[PDB]
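6 protein chains.
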Amino acid sequence: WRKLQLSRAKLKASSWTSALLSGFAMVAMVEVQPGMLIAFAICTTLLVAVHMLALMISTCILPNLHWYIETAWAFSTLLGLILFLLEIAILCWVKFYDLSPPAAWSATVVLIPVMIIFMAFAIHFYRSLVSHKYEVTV
Amino acid sequence: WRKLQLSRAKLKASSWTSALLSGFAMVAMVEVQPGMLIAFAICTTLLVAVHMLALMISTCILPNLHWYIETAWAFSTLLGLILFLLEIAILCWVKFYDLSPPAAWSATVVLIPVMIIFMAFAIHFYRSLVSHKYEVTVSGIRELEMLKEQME
Amino acid sequence: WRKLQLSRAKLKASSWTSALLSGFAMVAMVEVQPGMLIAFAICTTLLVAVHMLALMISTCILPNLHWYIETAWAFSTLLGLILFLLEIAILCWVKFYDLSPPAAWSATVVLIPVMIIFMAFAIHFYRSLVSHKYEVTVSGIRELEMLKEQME
Amino acid sequence: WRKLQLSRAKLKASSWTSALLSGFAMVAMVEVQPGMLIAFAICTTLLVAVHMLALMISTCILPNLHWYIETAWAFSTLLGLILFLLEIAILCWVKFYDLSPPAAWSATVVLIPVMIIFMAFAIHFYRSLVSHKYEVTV
Amino acid sequence: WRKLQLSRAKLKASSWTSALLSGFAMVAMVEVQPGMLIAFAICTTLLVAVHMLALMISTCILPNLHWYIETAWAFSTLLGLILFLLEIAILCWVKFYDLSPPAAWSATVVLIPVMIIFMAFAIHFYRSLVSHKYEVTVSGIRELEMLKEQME
Amino acid sequence: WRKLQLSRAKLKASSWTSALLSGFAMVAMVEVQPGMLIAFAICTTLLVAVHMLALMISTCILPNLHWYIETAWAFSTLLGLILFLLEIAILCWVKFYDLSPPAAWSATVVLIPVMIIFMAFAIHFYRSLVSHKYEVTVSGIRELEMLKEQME
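Chains A, B, C, D, E and F, in that order, are what the protein sequence lines are.
Read in order, the letters of the first sequence correspond to residues 148 to 180, 189 to 219, 240 to 313 in full-length UniProt numbering.
Read in order, the letters of the second sequence correspond to residues 148 to 180, 189 to 219, 240 to 327 in full-length UniProt numbering.
Read in order, the letters of the third sequence correspond to residues 148 to 180, 189 to 219, 240 to 327 in full-length UniProt numbering.
Read in order, the letters of the fourth sequence correspond to residues 148 to 180, 189 to 219, 240 to 313 in full-length UniProt numbering.
Read in order, the letters of the fifth sequence correspond to residues 148 to 180, 189 to 219, 240 to 327 in full-length UniProt numbering.
Read in order, the letters of the sixth sequence correspond to residues 148 to 180, 189 to 219, 240 to 327 in full-length UniProt numbering.
Below is the structure:
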């Protein structure tokens with residue numbers, strides 16, 4: 148029971164953001180329509204693609240290894256999550272590099288602190304977890 | 148009970164994305180408003204149409240073969256899913272081919288890697304499934320025969 | 148219980164799409180702002204109107240024939256569903272007919288295939304259903320007669 | 148129990164549409180930005204206002240006559256519902272009366288059939304209901 | 148149980164509108180981009204701010240006086256509710272005062288009727304409530320005294 | 148049970164706003180497209204980033240210290256909440272600073288009041304809470320001692 152609730156809630160939660168954030172970003176890109192443009196195209200294309208994985212995983216998990244797909248799901252979500260933040264930075268870039276280049280720097284500069292803590296917080300949480308799997312084993 | 152929850156949650160989940168992704172894409176296309192344009196019109200028209208199937212399936216499943244429609248539903252969703260990803264690529268194309276054509280190439284190029292793994296991951300998951308339907312069939316019939324043999 | 152869940156889930160599901168797809172389409176039309192324009196105005200006006208029916212039905216079903244309104248609801252949803260798909264096609268038309276008319280044809284042409292299978296898939300599913308209502312009816316009277324025969 | 152579910156589901160359902168349709172219409176009006192303009196301003200202002208009633212009713216019903244507010248709620252929703260349809264028609268009007276006036280006529284003309292069946296379907300359903308309240312009484 | 152459902156449903160309901168209406172209004176303002192402009196900036200800034208309160212209250216209520244915060248929540252929601260309606264009026268103003276000033280008057284004029292009934296309906300409902308808290312206090316204390324008198 | 152509901156409801160509630168408010172703000176910024192611009196880029200970049208934390212926390216909490244992450248979650252949400260309100264102000268600024276600078280001042284000026292009460296209301300609620308944790312602690316040891324005294 149406690150295992151079924153953790154799946155049902157998570158299922159809706161994942162589909163929720165993926166579709167929203169993805170669809171939102173797509174609309175954002177086309178809305179604003189030198190070198191950074193090479194990233195804007197890739198950063199966006201990856202976002203939609205990454206989230207799709209999570210969504211397609213939301214379709215395959217219902218019928219059905241559980242600890243394997245569970246990872247593909249979480250990893251996909253996280254990958255897409257960081258990307259969305261990566262997206263906003265690129266936007267400030269292009270959205271400002273035409274009329275106000277000076278302010279744009281702060282956007283990419285302010286991204287650095289947060290991007291680090293993000294991937295960092297994920298590590299600490301994971302490390303403490305592996306320690307438990309071993310602790311319980313002994 | 149475990150079967151009813153898997154349906155209720157799935158039902159809302161499917162309707163959720165279909166309506167959102169579809170409606171979102173439609174707004175995206177009209178928002179930006189050479190040859191690629193032939194695809195942008197088709198790629199989008201299919202997306203809305205494909206998702207609609209899933210939605211219309213969300214309406215017919217409630218009243219009511241179950242393993243048949245279940246496929247039409249999943250297949251539709253998956254088809255629409257890949258399309259959305261196909262959509263974003265086409266957008267980078269048109270959204271850039273005017274001012275910055277050079278970067279656009281990466282978008283369609285970076286799509287290839289992901290599009291493959293997508294349709295590929297769907298195959299591996301499906302294959303492992305069919306193997307189980309057969310596995311259960313053999314073990315199941317065997318156990319039964321064992322009982323049939325002793326009955327005699 | 149199984150009947151209450153099928154209603155609660157369906158209720159939210161219907162309201163969900165209707166409001167989303169409807170509101171989305173409305174925003175789409177005004178966003179882009189020869190003969191096809193006569194359809195764009197009608198196709199859209201119907202979409203909002205059709206979905207509204209389903210929504211207003213979501214309000215009247217809670218208090219309260241059940242197989243009658245159930246049809247008005249499903250029919251409305253389906254009508255609005257096909258319309259949304261009809262909408263996207265009209266959009267490619269107007270969204271391209273200004274700068275790129277040539278590609279637009281594929282959109283309406285590609286729509287035909289899918290639109291057919293859509294209304295077609297709905298028929299096959301419905302037909303198989305009616306066959307069951309009859310099948311169960313015959314089986315039902317038979318079981319009863321079996322009991323009536325032994326009673327004697 | 149069957150009474151609590153009918154309230155919880157209805158509650159979310161009402162809030163759902165009201166906020167969505169209302170917010171959507173508002174965005175629609177400002178997006179496009189002779190005589191019909193007098194209606195576009197009134198038709199929209201009423202929509203947001205009407206739905207708000209339903210929303211504010213979604214806040215007061217939780218604490219707490241039940242058949243009275245139940246009416247204000249349903250009536251508000253229905254009023255806002257018809258208005259949204261009324262809105263789309265007005266949009267085709269203004270959205271076309273600049274470049275393509277000819278097609279606009281169909282929008283308002285096609286609205287008539289549906290608007291009638293709408294208010295009509297509401298009557299038939301209500302009439303059959305009153306007949307039951309009397310039937311049960313006898 | 149009946150108290151937990153009233154909280155869970157209300158929680159989602161509040162977060163729902165606040166985020167939607169707020170985010171929607173913000174997008175509306177920037178979308179259209189003499190004296191009324193002084194209000195458009197304030198009316199909007201308050202809306203987002205007011206709803207935020209309700210949202211932040213949706214975060215603090217889960218852990219945890241109950242009749243106090245319950246008021247801050249309801250009051251915030253209501254304040255934001257009326258504001259949204261106040262917003263639409265201001266929009267007709269700015270959205271029209273450029274090309275069609277004449278029609279705009281009706282928008283602000285038609286707002287007056289509804290804005291009054293809104294704050295008015297809130298009063299009647301609240302008044303009837305306070306009357307009950309007092310009513311229960313008297314009947315409740317009376318029943319108790321009746322028992323206290325007999326005890327002696 | 149009462150602990151599982153408080154988590155499930157909160158989970159959806161958090162994901163809800165984060166994705167909505169974040170995505171909405173992003174669309175708002177690009178939609179409008189002197190010194191304040193330095194803030195608009197930073198204020199927005201932080202919003203998306205902050206909310207992401209809450210979202211990523213919505214993914215890690217399901218598997219699994241509870242009072243620690245619970246804080247990172249609430250703190251993140253609150254940080255993002257205030258930012259959204261900070262965002263609207265910056266918008267009035269840029270959205271008006273071009274054509275109508277005079278009215279913009281009120282937006283940032285009107286923000287001060289509300290921003291204060293916001294962070295202030297959060298403090299009062301928290302303070303009253305800590306007082307209870309201590310109150311219960313004293314009462315708890317007292318009840319126990321009462322039993323310890325009688326035991327003797």
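Beta carbons: idealized from backbone N, C-alpha and C, even for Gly.
Span of the alpha helix (DSSP H), counted from its first residue to its last, around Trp-280/A = Per DSSP, the continuous alpha helix (DSSP H) segment holding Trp-280/A begins and ends at 276-312.
Report yes or no: is there a C-beta of chain F within less than 8 angstroms of the C-beta of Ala-209/E?
-> Interface residue (Cβ-Cβ distance to chain F less than 8 angstroms): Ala-209/E is not classified as such.
On a CA-only basis, which of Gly-190/D, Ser-165/D, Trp-280/D and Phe-171/D is nearest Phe-250/D? Give me that one, please.
-> A check of alpha carbon separations from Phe-250/D across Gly-190/D, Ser-165/D, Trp-280/D and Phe-171/D identifies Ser-165/D as the nearest.
Can you name, in chain order, every residue of its own chain whose Cβ lies under 8 angstroms from the Cβ of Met-191/C, other than the five neighbours on each side?
-> Excluding the 5 residues flanking it on each side, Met-191/C has same chain C-beta neighbours closer than 8 angstroms at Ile-265, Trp-268, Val-269 and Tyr-272, in chain order.
Starting from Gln-152/E, trace the alpha helix (DSSP H) both ways and give me its first and last residue.
-> Looking at the DSSP string, the run of the alpha helix (DSSP H) that includes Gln-152/E is 149-179.
Chain E contacts from the region 263-277 of chain F (Cβ-Cβ distance under 7 angstroms) = Listed by position, the residues of the region 263-277 of chain F near chain E (Cβ gap below 7 angstroms) are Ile-263, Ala-264, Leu-266, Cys-267, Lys-270, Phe-271 and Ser-275.
Pair within 8 angstroms by beta-carbon distance, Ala-172/B and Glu-262/B | The criterion of a C-beta distance shorter than 8 angstroms is satisfied by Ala-172/B and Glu-262/B.
Which whole-angstrom value describes the C-beta separation of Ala-156/C and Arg-155/B, a residue pair presumed to lie in contact below a C-beta threshold of 8 angstroms?
-> That pair is a contact at about 5 angstroms.
Contact check, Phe-259/A vs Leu-168/A under 8 angstroms by CB: the rounded distance?
-> That pair is a contact at about 5 angstroms.
So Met-191/D is in the alpha helix (DSSP H); what residue range does that whole segment cover?
-> In the DSSP annotation of this structure, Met-191/D is not part of any alpha helix (DSSP H), being labelled neither H nor E.
So is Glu-178/D buried or exposed if we call it buried at 16+ other beta carbons inside 10 Å?
-> Counting the other CB atoms within 10 Å of its CB gives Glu-178/D a total of 16 or more, which places it among the buried residues.
When you compare only the Cα positions, how much space is there between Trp-280/A and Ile-193/E?
-> In a straight line, the C-alpha of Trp-280/A is about 32 angstroms away from that of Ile-193/E.
Please classify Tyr-243/D: does DSSP put it in a helix, a strand, or coil?
-> Helix.
For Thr-283/A, decide whether its Cβ has a neighbour in chain B, counting only Cβ atoms nearer than 8 angstroms.
-> The beta-carbon of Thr-283/A is placed no less than 8 angstroms from the nearest beta-carbon of chain B.
Which residues in chain A sit within 7 angstroms of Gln-325/F, going by Cβ to Cβ distance?
-> Ordered by position in chain A, no residue passes the 7 angstroms Cβ test against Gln-325/F, which lies about 40 angstroms from the chain.
Considering only residues of the same chain and omitting the five flanking positions on each side of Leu-201/A, which have a CB-CB separation below 7 angstroms?
-> Excluding positions up to five away in sequence, the list reads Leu-258.
If you run the structure through DSSP and keep just helix, strand and coil, what is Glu-324/B?
-> Note: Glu-324/B maps to helix in three-state DSSP.
State the Cα-Cα distance for the pair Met-321/C and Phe-293/B, rounded to the nearest angstrom.
-> In this model, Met-321/C and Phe-293/B are separated by some 56 angstroms (Cα to Cα).
Cβ of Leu-260/E within 8 angstroms of any chain F Cβ = Closer than 8 angstroms: no.
Among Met-176/A, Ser-275/A and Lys-159/A, which residue has its Cα nearest to the Cα of residue 226/A?
-> Residue numbering in chain A breaks between 219 and 240, and residue 226/A falls inside that break, so it has no position here.
Since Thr-200/B meets chain A, which of its residues come closer than 7 angstroms, beta carbon to beta carbon?
-> Neighbours of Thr-200/B on chain A: none; closest Cβ ~17 angstroms, over 7 angstroms.
Are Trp-248/E and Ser-161/E close, meaning C-beta to C-beta below 8 angstroms?
-> The answer is yes: Cβ separation under 8 angstroms.
Where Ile-216/D falls: helix, strand or coil (DSSP) | When secondary structure is reduced to three states using DSSP, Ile-216/D falls in the coil class, being assigned neither helix nor strand.
Cβ of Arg-302/E within 8 angstroms of any chain D Cβ = Under the 8 angstroms criterion on CB atoms, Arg-302/E is classed as non-interfacial with respect to chain D.
At least one CB of chain E closer than 8 angstroms to the CB of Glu-310/F: is that the case?
-> No, because no Cβ of chain E sits closer than 8 angstroms to the Cβ of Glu-310/F.
With distances taken between CB atoms, is the gap from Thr-199/A to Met-211/A smaller than 8 angstroms?
-> Cβ distance not < 8 angstroms, so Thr-199/A and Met-211/A don't count as in contact.
Cutoff 8 angstroms: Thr-164/C Cβ touching any chain D Cβ = At a cut-off of 8 angstroms, the C-beta of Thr-164/C has no neighbouring C-beta in chain D.
Contacts that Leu-168/F makes with chain E (C-beta to C-beta distance below 7 angstroms) | By Cβ distance, chain E contributes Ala-166 and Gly-170.
Does any C-beta atom of chain E lie closer than 8 angstroms to the C-beta of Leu-256/F?
-> Yes, contact with chain E.
If you draw a straight line from the alpha carbon of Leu-153/B to that of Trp-242/B, how long is it in whole angstroms?
-> Cα to Cα, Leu-153/B sits roughly 14 angstroms from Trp-242/B.
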